[PDB]
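Have a look at the structure below, then the notes.
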Amino acid sequence: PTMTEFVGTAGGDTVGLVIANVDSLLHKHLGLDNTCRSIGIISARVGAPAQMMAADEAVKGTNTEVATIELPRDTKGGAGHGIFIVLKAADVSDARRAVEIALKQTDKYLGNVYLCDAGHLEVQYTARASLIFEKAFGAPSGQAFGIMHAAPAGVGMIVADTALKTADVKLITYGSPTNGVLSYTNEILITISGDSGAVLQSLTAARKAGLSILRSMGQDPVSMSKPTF
Amino acid sequence: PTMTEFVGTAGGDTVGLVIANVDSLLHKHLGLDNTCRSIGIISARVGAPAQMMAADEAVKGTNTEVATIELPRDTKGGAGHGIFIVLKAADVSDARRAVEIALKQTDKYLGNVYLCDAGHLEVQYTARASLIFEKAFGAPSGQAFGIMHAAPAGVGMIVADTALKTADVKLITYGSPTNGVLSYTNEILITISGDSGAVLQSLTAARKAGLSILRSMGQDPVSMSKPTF
Amino acid sequence: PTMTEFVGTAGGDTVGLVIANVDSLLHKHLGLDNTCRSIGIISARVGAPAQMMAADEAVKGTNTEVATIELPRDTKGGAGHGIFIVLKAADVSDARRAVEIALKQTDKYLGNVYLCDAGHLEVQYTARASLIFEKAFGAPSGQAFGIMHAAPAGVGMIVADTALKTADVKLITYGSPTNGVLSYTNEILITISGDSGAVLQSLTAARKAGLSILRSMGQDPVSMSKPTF
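Protein chains in written order, with PDB author numbering: chain A, 76 to 304; chain A', 76 to 304; chain A'', 76 to 304. A prime marks a further copy of an entry chain.
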């Protein structure tokens, strides 16, 4: 048969899973307690910001909270993450509902991932960051939010730097291969907040710059899919 | 010729090595001292619990001790570890003898690894955990012991949770991609102790559940080899 | 067009990049300040000591300093690093000049990398270690310097140990998969200093031993390129 805990399935190697009543021995390890022991999972081999985007859309639409967001070091491999998102809810169907949203939206966002032989580029955008990016990055709540990275890390710098030069945006996260923000990926990651117009202007210049460099390197970077802004 | 330090060779990319008299500059870094400076090594590209199982069998049969157990982040890659086991002995032949056992038993245990495109499943069992699992996991000594994980991590949860639900077992280790127990693998790992009957019942349900989910994901998971319980 | 920040391109997947005036929001994160905000980058998917060798040659020849040296966990993958080197300069052309040197020299050094299916061997040498290896390893400044590793880690031990046995050299760095010196690679790394004659004698025996073992494992290890000593 088909196990009730299964849900689907999206790009990268992503699954949606639901656990109705998590064994109490695991409660300590996830955010859980007895009034709240049902779990929604988004887990994937390839990517992380894309799935995070989809999951952030999900919590905005449901009665869920964020138990844990962790990043291997997969991707498959290298040069990026790795995604493991656990949402918690008092009621399984709330969790299931959220997982259903996140799965639906994943492939949409993977459209923002440009792959190629020597690495990748990824630029994500949201107009209201919520619980996901608040927990992952300390994104200013409710504000527009941007996520940047490229591999190898050098390309990531060019991206990161031109993003910040381009417009008036706050630098929320700087992540390098080994500064402890990233799971030893060959990336420079930047996280950005501000007015939508400003954030979008930065993201776009950054995407442009990234592709430019990757091409200069003899690469043919291609989404994925297709982008969202 | 064939270097005297060589020993073989087993599945994954595993070697058995022996060093007769480790240079004293390395003593500080391994557990070593002058009354005890001979080394037995099990090193592999793919897997870790399997080799650990084989090495635990080895120390039970020899006059050896555990210098170090470390896990890359290989596998090759991803989504798992990575194994590096160093056994110490006063006498090289004791170390060699242990390495010989561990190599013989490795492929047997790899039979418990089910591979496939989107990840893997692995369930291991022992009836007397000894020095290896005591050092690696703090396994209750002499007691039956179980090891679980699956990639991507989500599958690992389902496995982990149904194992604990199934029978009356102690939770010894909870490992996620980034909680510091695992080397940024895309896995959830669980470690279990209790009565053999209980442990075996958990392991089997967990294995069943894992395969179920992997299949629901359109995967065809296959050991390896063939399983041991 | 071709972005002014681009430079080339060498083996592994290495790029040379230059940023003229790094955005001040990133200054805190790199070593930077306002009298010194231009950046030279060497970033690659495969290897690290080779590029480090090339970059150390570069700082010896230019008015540059080391902002950051970080190692993913790439390579591609596994079983090694991963390289990300940032040099800082008051003047962009000094940085560019350094990047130009490092790119020219990279492939030369990759000649010291022997690849094969189950892992790799790498032995590097310099007669004056400078700023790179001082920052990365705390190499005794101005002295001859050696770098060793092999994957899987076991081979690394044999290499490391016979190097130290062979001649009168200082042990500067011991790195294992998980002791925190390496980014969870399946390697044992050793770093060595002393008189050139001594260092070269160690490096060569170590290289010999490594290849010996890899071959015993049924591997056909081949540089890369071709070696430098």
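All C-beta atoms in this analysis are idealised placements derived from N, C-alpha and C, irrespective of residue type, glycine included.
In whole angstroms, give me the CA-to-CA distance for residue i and residue j.
{"i": "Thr279/A'", "j": "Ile265/A'", "result": "14 Å"}
{"i": "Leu92/A'", "j": "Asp166/A'", "result": "14 Å"}
{"i": "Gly86/A'", "j": "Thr77/A'", "result": "20 Å"}
{"i": "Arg112/A'", "j": "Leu146/A''", "result": "32 Å"}
{"i": "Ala242/A", "j": "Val274/A", "result": "7 Å"}
{"i": "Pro227/A'", "j": "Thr260/A'", "result": "9 Å"}
{"i": "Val174/A", "j": "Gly213/A", "result": "22 Å"}
{"i": "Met292/A'", "j": "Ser277/A", "result": "38 Å"}
{"i": "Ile114/A''", "j": "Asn138/A", "result": "47 Å"}
{"i": "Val244/A''", "j": "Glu132/A'", "result": "38 Å"}
{"i": "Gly83/A'", "j": "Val161/A''", "result": "42 Å"}
{"i": "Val97/A", "j": "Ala154/A", "result": "33 Å"}
{"i": "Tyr249/A", "j": "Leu257/A", "result": "9 Å"}
{"i": "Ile222/A''", "j": "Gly221/A'", "result": "40 Å"}
{"i": "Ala225/A'", "j": "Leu190/A'", "result": "10 Å"}
{"i": "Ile176/A''", "j": "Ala130/A''", "result": "8 Å"}
{"i": "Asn109/A''", "j": "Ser287/A", "result": "27 Å"}
{"i": "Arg120/A''", "j": "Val90/A''", "result": "9 Å"}
{"i": "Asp182/A", "j": "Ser300/A", "result": "7 Å"}
{"i": "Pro302/A", "j": "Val134/A", "result": "22 Å"}
{"i": "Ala235/A'", "j": "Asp169/A", "result": "22 Å"}
{"i": "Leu206/A''", "j": "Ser216/A''", "result": "8 Å"}
{"i": "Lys103/A", "j": "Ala164/A", "result": "15 Å"}
{"i": "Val230/A'", "j": "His195/A'", "result": "9 Å"}
{"i": "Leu246/A", "j": "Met128/A''", "result": "33 Å"}
{"i": "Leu239/A''", "j": "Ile158/A''", "result": "26 Å"}
{"i": "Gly285/A''", "j": "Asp149/A'", "result": "20 Å"}
Would a check of beta-carbon distances place residue i closer than 8 Å to chain A''?
{"i": "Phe159/A'", "result": "yes"}
{"i": "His104/A'", "result": "yes"}
{"i": "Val90/A'", "result": "yes"}
{"i": "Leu246/A", "result": "yes"}
{"i": "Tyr184/A", "result": "no"}
{"i": "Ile116/A'", "result": "yes"}
{"i": "residue 60/A'", "result": "Nothing can be reported for residue 60/A', as the shown portion of chain A' is limited to 76 through 304."}
{"i": "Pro252/A", "result": "yes"}
{"i": "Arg171/A'", "result": "no"}
{"i": "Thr84/A'", "result": "yes"}
{"i": "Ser113/A'", "result": "no"}
Within 10 angstroms of the Cβ of residue i, are there 16 or more other Cβ atoms? Answer buried if so, exposed if not.
{"i": "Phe304/A", "result": "exposed"}
{"i": "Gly255/A''", "result": "exposed"}
{"i": "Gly272/A", "result": "exposed"}
{"i": "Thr253/A'", "result": "buried"}
{"i": "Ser99/A", "result": "exposed"}
{"i": "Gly152/A'", "result": "buried"}
{"i": "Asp295/A", "result": "exposed"}
{"i": "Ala202/A", "result": "exposed"}
Is there at least one Cβ from chain A nearer than 8 Å to residue i's Cβ?
{"i": "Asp236/A'", "result": "yes"}
{"i": "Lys151/A''", "result": "yes"}
{"i": "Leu239/A'", "result": "yes"}
{"i": "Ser287/A'", "result": "yes"}
{"i": "residue 306/A''", "result": "Residue 306/A'' cannot be examined here, being either before or after the span of chain A'' that is shown, 76 to 304."}
{"i": "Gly87/A'", "result": "no"}
{"i": "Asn138/A'", "result": "no"}
{"i": "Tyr200/A'", "result": "no"}
Could one say the Cβ of residue i lies closer than 8 Å to chain A''s Cβ atoms, at least one of them?
{"i": "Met78/A", "result": "yes"}
{"i": "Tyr189/A", "result": "no"}
{"i": "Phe212/A", "result": "no"}
{"i": "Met292/A''", "result": "yes"}
{"i": "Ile222/A''", "result": "no"}
{"i": "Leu196/A", "result": "no"}
{"i": "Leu264/A", "result": "no"}
{"i": "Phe81/A", "result": "yes"}
My understanding is that residue i touches residue j, with C-beta atoms under 8 Å, so please give their C-beta distance in whole angstroms.
{"i": "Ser298/A''", "j": "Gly186/A''", "result": "5 Å"}
{"i": "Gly269/A''", "j": "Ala211/A''", "result": "That belief does not hold up - the Cβ atoms of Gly269/A'' and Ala211/A'' are roughly 18 Å apart, past 8 Å."}
{"i": "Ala193/A'", "j": "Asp88/A", "result": "4 Å"}
{"i": "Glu209/A'", "j": "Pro124/A'", "result": "With a Cβ gap of about 15 Å, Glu209/A' and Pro124/A' do not count as contacting."}
{"i": "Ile144/A''", "j": "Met232/A", "result": "Contact doesn't hold; Cβ gap of about 14 Å is too wide."}
{"i": "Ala142/A", "j": "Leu107/A", "result": "7 Å"}
Per DSSP, residue i is paired with what?
{"i": "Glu145/A''", "result": "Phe159/A''"}
{"i": "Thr89/A''", "result": "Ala85/A''"}
{"i": "residue 40/A", "result": "Here chain A covers residues 76 to 304 and nothing more, so residue 40/A does not appear."}
{"i": "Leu246/A'", "result": "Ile267/A'"}
{"i": "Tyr189/A''", "result": "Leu196/A''"}
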